[PDB]
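What follows is a short report on a single structure.
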Amino acid sequence: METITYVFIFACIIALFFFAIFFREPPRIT
Amino acid sequence: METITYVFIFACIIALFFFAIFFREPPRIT
Amino acid sequence: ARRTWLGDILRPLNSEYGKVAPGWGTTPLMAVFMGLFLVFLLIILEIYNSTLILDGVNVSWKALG
Amino acid sequence: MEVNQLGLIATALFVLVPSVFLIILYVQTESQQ
Amino acid sequence: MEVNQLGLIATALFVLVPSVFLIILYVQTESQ
Amino acid sequence: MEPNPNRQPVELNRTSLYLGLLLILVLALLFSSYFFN
Amino acid sequence: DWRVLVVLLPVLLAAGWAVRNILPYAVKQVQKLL
Amino acid sequence: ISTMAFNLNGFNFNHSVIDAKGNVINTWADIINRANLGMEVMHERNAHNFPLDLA
Amino acid sequence: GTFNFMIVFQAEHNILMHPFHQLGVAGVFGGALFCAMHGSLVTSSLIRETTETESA
Amino acid sequence: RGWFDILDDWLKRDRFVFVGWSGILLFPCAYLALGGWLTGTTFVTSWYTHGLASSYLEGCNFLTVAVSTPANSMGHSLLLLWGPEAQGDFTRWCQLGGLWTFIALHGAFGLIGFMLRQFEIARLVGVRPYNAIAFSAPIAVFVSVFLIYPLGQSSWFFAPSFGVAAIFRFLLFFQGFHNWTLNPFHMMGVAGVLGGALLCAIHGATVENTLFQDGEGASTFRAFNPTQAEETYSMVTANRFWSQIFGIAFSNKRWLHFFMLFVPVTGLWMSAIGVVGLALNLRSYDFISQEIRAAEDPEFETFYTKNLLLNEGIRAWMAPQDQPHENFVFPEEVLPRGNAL
Amino acid sequence: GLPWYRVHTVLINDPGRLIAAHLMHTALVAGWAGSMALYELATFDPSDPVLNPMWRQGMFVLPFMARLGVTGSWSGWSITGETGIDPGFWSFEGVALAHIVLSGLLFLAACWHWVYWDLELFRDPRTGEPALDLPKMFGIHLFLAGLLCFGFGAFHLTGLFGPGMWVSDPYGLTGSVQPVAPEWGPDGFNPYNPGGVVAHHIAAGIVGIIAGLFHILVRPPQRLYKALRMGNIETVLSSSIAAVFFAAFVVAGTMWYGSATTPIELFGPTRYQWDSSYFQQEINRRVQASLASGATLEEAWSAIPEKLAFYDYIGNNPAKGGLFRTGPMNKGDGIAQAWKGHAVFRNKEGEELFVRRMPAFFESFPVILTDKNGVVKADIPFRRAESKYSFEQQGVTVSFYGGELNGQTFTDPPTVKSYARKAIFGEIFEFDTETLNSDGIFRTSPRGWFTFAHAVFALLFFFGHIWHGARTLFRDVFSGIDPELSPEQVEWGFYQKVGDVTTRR
Amino acid sequence: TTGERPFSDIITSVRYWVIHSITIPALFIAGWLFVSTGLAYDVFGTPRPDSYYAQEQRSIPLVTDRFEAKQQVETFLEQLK
Amino acid sequence: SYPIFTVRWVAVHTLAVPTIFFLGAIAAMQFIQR
Amino acid sequence: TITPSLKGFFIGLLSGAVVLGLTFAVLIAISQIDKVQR
Amino acid sequence: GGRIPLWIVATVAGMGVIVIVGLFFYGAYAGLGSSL
Ligand code: CLA
Ligand code: CLA
Ligand code: CLA
Ligand code: CLA
Ligand SMILES: CCCCCCCCCCCCCCCC(=O)OC[C@H](COP(=O)(O)OC[C@@H](O)CO)OC(=O)CCCCCCCCCCCCCCC
Ligand SMILES: CC1=C(/C=C/C(C)=C/C=C/C(C)=C/C=C/C=C(C)/C=C/C=C(C)/C=C/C2=C(C)CCCC2(C)C)C(C)(C)CCC1
Ligand SMILES: CC1=C(/C=C/C(C)=C/C=C/C(C)=C/C=C/C=C(C)/C=C/C=C(C)/C=C/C2=C(C)CCCC2(C)C)C(C)(C)CCC1
Ligand code: OEY
Ligand SMILES: [Cl-]
Ligand SMILES: [Cl-]
Ligand SMILES: [Fe+2]
């Protein structure tokens, strides 16, 4: 259960990476 | 730990009661 | 709407929305397959249930050896 | 008492996950008004 | 391995509870 | 490409919140004995 | 056997007796149906 | 519940059906009674010293 | 304890075979039936005052 | 103007009992399920399947009369008249429990017919089909208790027999063998049935005591008109009453009546699920933590341990007579008994 | 705003985001299968398929992989128990990684179809409105389904180009993956004939190709398009649900009763094999045959393989479990280590006595010994004061034949009774209770859990059928009846035909 | 309101009571005889008071076979002859 | 001018006819002696 | 070959079929005599 | 036609009921089902 917890948390981080890059608030120029 | 759990859930219910009554959405006519 | 190479290839497969054979068309034939299928499922069921007993159909684990 | 240890995480999640979902939807409802 | 079995619930709420707080604050922002 | 015209907003009112919470807490109170066993 | 005729004989007079009391008025209803 | 408090009990058809010789012919009532018996003999298993549970 | 009370009760009183418990079951089943009926009959005949995207 | 529409026409005419396309399934099957229960309770024995008398003809009364389940030996056989068990003989069929499957299957199909009837009438009259949906709650109970549960077991023998006391025996069976009262899916059923009955009484009594005075006389019934648009009791005075007695009250008449649908329908659905578990002997029979302690600690007693003693009493005392095909022989010395009793 | 119970209706007229939702669902299912096999491999012990088979360790997808011929691990072991193997890539480990890579590639495709929701393909070229031609779609898909079902049975199951499927003898002793030849005769409709499963997919595969072909070329009739609202994707969900619960009931039943596709070395035995004393009949046939052939009693029972005797024990009966007794069967009675031997009871007169076995219904059961004629001769009494049949009065003894205890007789009444207490469960095993801290209470098998879950879902889905079906035929009043419905349409005798306004008298 | 003839009018009518004062006792008598004659016992297989058990027998004649079941009960009956 | 024989007629007699008959049989049954 | 249960099967099959056709025969007949006016 | 007053039909019929039911209650004490 300890191995699982570590891999689960690492997997959520990588999923976060994907939305942080591709689903960011896009920057705009005013 | 069973006891703590049983009684924490019970106590959450009593608090919900409190807000359900005194902090209800107040019925407004027509 | 976006056109794509693949979209264009599949296009005629989503081209006839709403087109119908008039009246009853093939309903009477579908009806035949439906009743045939029912009778076939009955057989299948009454074999499993052992109200239909047939020659050389031993409905037991012992039909594995 | 010799009791199932995952009973606790099961009960804690059984409450927290659905409860949090409801709160999320209530609060973004109030902010619309 | 003979690990602390309250470690799972501790890690679990450590993640969920502050995580839930932030989601709540983000959504009710997007809807105004 | 246009924005999706099918998007809609969700609502949960306060009575539904109160009803939903009672359902879960009471469900938890009933199943909890069985989870601990 | 014979208990069957015994049992069935009341129901024939029951049906016979209705059929003759009700015949003339049933003849009307069927005519009306075109 | 209030009249069964004064022990005016439900219908009792235990052995109400017997044959020409007088054998008992059981019904569902008699099965019910076999289960009532198993409840009877076990409840409060240490509390009775005499053969009838009159209260 | 509730179930203990209702088990001993049946052993000592044959309450299922009592006509007043049978009227209670009829009262109680009947009540659930009529609740669902009335609830479904009123619900079935709500007058249209809403769109598909909102609660009736 | 084909024949199919000529028949559509005649089926759907407005008459004292509406017929419909659903009538074709509904009516034969409902009449036959009922004809068979009355046929069998008045005339037919359970001697050869159960060792029981079970008809008025035998000496039974309306409480003890039943159409009983087939012998365990029959297994899950459909027990068709023309089938390998009864071999066309009507008399033998009845003696084998043939009418049980007869009632149960025409029953099942009749319930379908009925529910299709609720769909059929609602479509013609132009109302929403919520009465039909509510009727799924009875259907689920019927199929789970009468079909699924014995199909999980050794045979039809262990389904309910159709009769008042026979059903009473079934209630006790589930207590002694399944400890069904301890099952949370039954408890949710109880809260829905009793909750429904509560809701039923309280909503009927509220309306009756929040009425408007629309007539002069003391019978308040006369003063309703079926066509009036105006509501006939005060939702405002009802809401204030219950807010102050009970703290919360309904404010929305649509939610109220939908909640009367929801509560009993759902409880029956939950109990159906539980009985499905019991098809498989998947009971909530024990709490393991309790058994470990009581095994090790003879001073440790609860109502949970007391109730299992009672369950143990029921099993050993009713089983030989209730399951005749098992030839259970329990000499006196082995029977569980408390002191003196 | 939408209510919570309706958020997913935004997809109704949005074919691309419907495809994106459907891809994401597919990603999570394949992901789950990947994850579940990984956890099974990390906890499976494959060192003893005789007394610690997969079905005792609460394995759930392992047996489904083995059913179609994945039998071994990159580690060198196989479930049949042979060592040294190399399964190539399509090992348990390899299947799990496929489904994980598949899940990842489905995730990405879903993002793509969600962002690029507005494809011209989805537009009706006449009106420019989104529209799906469901009848032609059914034809195309029904044709795909027929090809795969034909090819599954023509190549995989035959072993023409594939592994075949798990087959065993009738007593689940010699299972393996093997090619199967189709049974075209009437015995192929027998659920216990595996050749029938081959016939079925070949034959029904061609019927699907032909019907798919019919359904692509031929338009639905006007009467039927209108009756079933074939412009409404929700009629498909209604009928689709009904088909799925049909199928879920079927797979629950064949799991419980047993068929050629639910073999007892993958799923455990059935409750019926205990009801009918199926393994006990065979076990005894063998000993009588050793014995007419003149072997000693010790020899005749030592000849019985432990795998067979383990089947003849109620702790492997799936109908002895409980809804909240969690985990693997091993968590209850422990890990089976060794058959102890077949217990023979003799009274003091040297009659052979027979422990009445416990039926599946009974959580507890009394200890009653009987003779070949069925006559009670000993028991363990509850009330001691008036007892005549006690082991002490009747001088019961136990002798063991075969197994770990072969050739040993016990006479002291407390030992004798203790084995009498186990005999009611059938054959008597030694278990390892410490390794998993076994609590001693019977759990059910994967046969139990799979049947339960699928029966419960099937019933729940019937309500889905009903709901979504109602919503298809009545969509025009979903939001409420017409406010200008006149009491003439609804009161009696107004219209000769109910609801048809053209029949006013 | 559906065009059939109202019930309250059918059972105050002379004609109705003239038919049914015959048909109702005929049915009551018919069913009586179905019992009093013994035919109901025979049609249905139901044991008479003297034929639940054989004289010195105290065994239920319980069906124990599926496909020999018919012949089983027939054998029990001849054990009463 | 009403009809005598309707669907309603049939429904009614479908139940009633065998009710009275069944009442006859059950009446007779009270006089059966063991 | 053609066993008794299979004879029974067809017996049930022909029986069932008669009942629906007789019933549907009856129902088509009435529907034509007794029509709605329109 | 409307001849027999309805109150008459209701009294008599009702008496018909009580009659048969009391027959079935009498039978619970006599003959089969009586325990005697
Ligand atoms: C109309 C509704 C209806 C329904 C749904 C049922 C349903 C059922 N009945 Mg009931 N029954 C009905 C009406 C109905 N009955 C009526 C009106 C009667 C009184 C006559 C009965 C009397 C009755 C008895 C006495 C029994 C049943 C039984 C049964 C069960 C078995 C049915 C079976 O195997 O059929 C199988 C056959 C079919 C389904 C027929 C299919 C029709 C095919 C498709 C047409 C074939 C045409 C032909 C081959 C072509 C021409 C050939 C050429 C020679 C001309 C089933 C639950 C049995 C039961 O309950 O056992 C437990 C039983 O014993 N029924
Ligand atoms: C407070 C006490 C209490 C309460 C309120 C309930 C409530 C309930 N019990 Mg539990 N029960 C209790 C105590 C209680 N129980 C105890 C102490 C025990 C002992 C263990 C049990 C044992 C028990 C068993 C064994 C079962 C229940 C079941 C149920 C449910 C019955 C559902 C129903 O409507 O059936 C009524 C039946 C139907 C709705 C099915 C179809 C009905 C059709 C439509 C009838 C049509 C009639 C027809 C038109 C002709 C009628 C005329 C005819 C009479 C002549 C309900 C949730 C059942 C269950 O869980 O179901 C899944 C079940 O099998 N109970
Ligand atoms: C059909 C689905 C299915 C089936 C049949 C199984 C079956 C099995 N699994 Mg697998 N499993 C599944 C899905 C499934 N699993 C999924 C989806 C996951 C991921 C979550 C897992 C994760 C998993 C793990 C991690 C393990 C298993 C193990 C096992 C075994 C023991 C399971 C057990 O104790 O049951 C316990 C079941 C219950 C206690 C019943 C739960 C049902 C709840 C109580 C109902 C909820 C009611 C609801 C709130 C009511 C309110 C409704 C109302 C308000 C409207 C068994 C072979 C175990 C094993 O032995 O493997 C080695 C193990 O350790 N499984
Ligand atoms: C293929 C199966 C299928 C599909 C695609 C749908 C699709 C739909 N359903 Mg239907 N439905 C189904 C099965 C299905 N249903 C079944 C089996 C039932 C009976 C239980 C129902 C009963 C049902 C009702 C009663 C209603 C719908 C409604 C809807 C619509 C909106 C649903 C929504 O927003 O959910 C929103 C849901 C949530 C926000 C959270 C749900 C959380 C649930 C309780 C537990 C989740 C468990 C977990 C995720 C694991 C999944 C379970 C496992 C089986 C795989 C949508 C078109 C609604 C509708 O008509 O709208 C117009 C509606 O009112 N459905
Ligand atoms: C228990 C709840 C009922 C509460 C009682 C009052 C109900 C409310 C009344 C409405 C307003 C006033 C009308 C009162 C009028 C009233 O309630 O009853 C009176 C009515 C008879 O009325 P007539 O047509 O004789 O006259 C009209 C009367 O209203 C006199 O004014 O009784 C019947 O309908 C008898 C039919 C039963 C015999 C039919 C047997 C055949 C049926 C077969 C079909 C089987 C079932 C269908 C299958 C699913
Ligand atoms: C099964 C079968 C069948 C069928 C049959 C039928 C269909 C039947 C019917 C039957 C019926 C249809 C009957 C009925 C009868 C009933 C009765 C038996 C009644 C009684 C009642 C009473 C007694 C009542 C009284 C009262 C009381 C008690 C109280 C209240 C009031 C009053 C007055 C009501 C056939 C042929 C197909 C074949 C196969 C088998
Ligand atoms: C991205 C990507 C990737 C990766 C992948 C991944 C990593 C995956 C994941 C996936 C997975 C890993 C998933 C999983 C899933 C799971 C789930 C989905 C589950 C479900 C569950 C549930 C639903 C349950 C329920 C329940 C409970 C909880 C309790 C009891 C009862 C029941 C059973 C009902 C790759 C490299 C390939 C490629 C590139 C991209
Ligand atoms: O039912 Mn049995 O009876 Ca009324 O008492 Mn005598 O035993 Mn004890 O105390 Mn509670 O219980
Ligand atoms: Cl007690
Ligand atoms: Cl005392
Ligand atoms: Fe109301």
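Hydrogens, waters and symmetry mates play no part in the numbers below; they use all other heavy atoms, side chains included. Below, chain A is the first sequence line, B the second, and so on; all start at residue 1.
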Mark yes when over 12 heavy atoms from residues, nucleotides or ligands other than [X] sit less than 6.0 Å from its [atom1]; otherwise mark no.
{"X": "I:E52", "atom1": "CD", "value": "no"}
{"X": "J:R240", "atom1": "CZ", "value": "no"}
{"X": "B:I29", "atom1": "CD1", "value": "no"}

Go through the side-chain N and O atoms of [X] and [Y] and say whether any donor and acceptor fall under 3.5 Å apart.
{"X": "F:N13", "Y": "F:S16", "answer": "yes"}
{"X": "K:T472", "Y": "K:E234", "answer": "no"}
{"X": "J:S243", "Y": "B:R24", "answer": "yes"}

Distance-only criterion, 3.5 Å: show the donor-acceptor pairs between side-chain atoms of residues 1-19 of chain D and protein atoms not counting sequence neighbours.
from	atom 1	to	atom 2	distance (Å)
D:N4	OD1	D:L6	N	3.1
D:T11	OG1	D:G7	O	2.8
D:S19	OG	D:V15	O	2.5

Set of ring pair (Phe, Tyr, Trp, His ring centres under 6.0 Å) partners for [X], sequence neighbours left out:
{"X": "K:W112", "value": "K:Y116"}
{"X": "K:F461", "value": "none"}
{"X": "A:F19", "value": "A:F23"}
{"X": "J:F262", "value": "none"}

Do any side-chain atoms of residues 96-110 of chain K form donor-acceptor pairs under 3.5 angstrom with protein atoms, and if so which ones, sequence neighbours left out?
from	atom 1	to	atom 2	distance (Å)
K:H99	ND1	K:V95	O	3.0
K:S103	OG	K:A27	O	2.8

Electrostatic pair J:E231:J:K253 at N-O distance under 4.0 angstrom
yes
Verdict with supporting geometry, K:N13 and F:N6, side chain to side chain donor-acceptor pair (under 3.5 Å):
CA-CA 8 Å; K:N13 284 346; F:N6 297 284; over 6 Å; no
Residues which pass side-chain contact (heavy atoms from CB on, under 4.5 Å) with [X], listed by chain and number, not counting sequence neighbours:
{"X": "J:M188", "value": "F:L27, F:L30, F:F31, J:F185, J:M270"}
{"X": "K:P328", "value": "K:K331"}
{"X": "D:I23", "value": "D:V27, E:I24, F:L17"}

So that I know where these two stand, are [X] and [Y] an aromatic pair - ring centroids less than 6.0 Å apart?
{"X": "F:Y34", "Y": "J:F287", "answer": "yes"}
{"X": "K:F463", "Y": "J:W269", "answer": "yes"}
{"X": "J:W255", "Y": "J:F259", "answer": "yes"}

Using the side-chain hydrogen bond (donor to acceptor under 3.5 Å, both in side chains) rule, collect all pairs that involve residues 15-40 of chain K, keeping only residues at least two apart or in two chains.
none
So which pairs with a foot in residues 110-121 of chain K pass salt bridge (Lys or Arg N to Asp or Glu O under 4.0 Å), sequence neighbours left out?
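Residue pairs with at least one partner in residues 110-121 of chain K: C:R11-K:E120, K:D118-K:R123.
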Side chains of residues 1-12 of chain B: which donor-acceptor partners sit under 3.5 Å, not counting sequence neighbours?
from	atom 1	to	atom 2	distance (Å)
B:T5	OG1	B:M1	O	2.9

If you measure from CG on K:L28 to CE on K:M24, what distance do you get to the nearest 0.5 Å?
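Going from CG on K:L28 over to CE on K:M24, the span is 6.5 Å.
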How many angstroms lie between atom OG of E:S31 and atom CG of D:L25, to the nearest 0.5 angstrom?
9.5 Å
Judged by atom type as modelled, is there a donor-acceptor pair below 3.5 Å linking the side chain of D:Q28 to the main-chain atoms of F:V10?
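It does hold such a pair.
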Is the NZ or CZ atom of K:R471 positioned over K:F478's six-membered ring, under 6.0 angstrom from the centre and within 45° of the axis?
yes
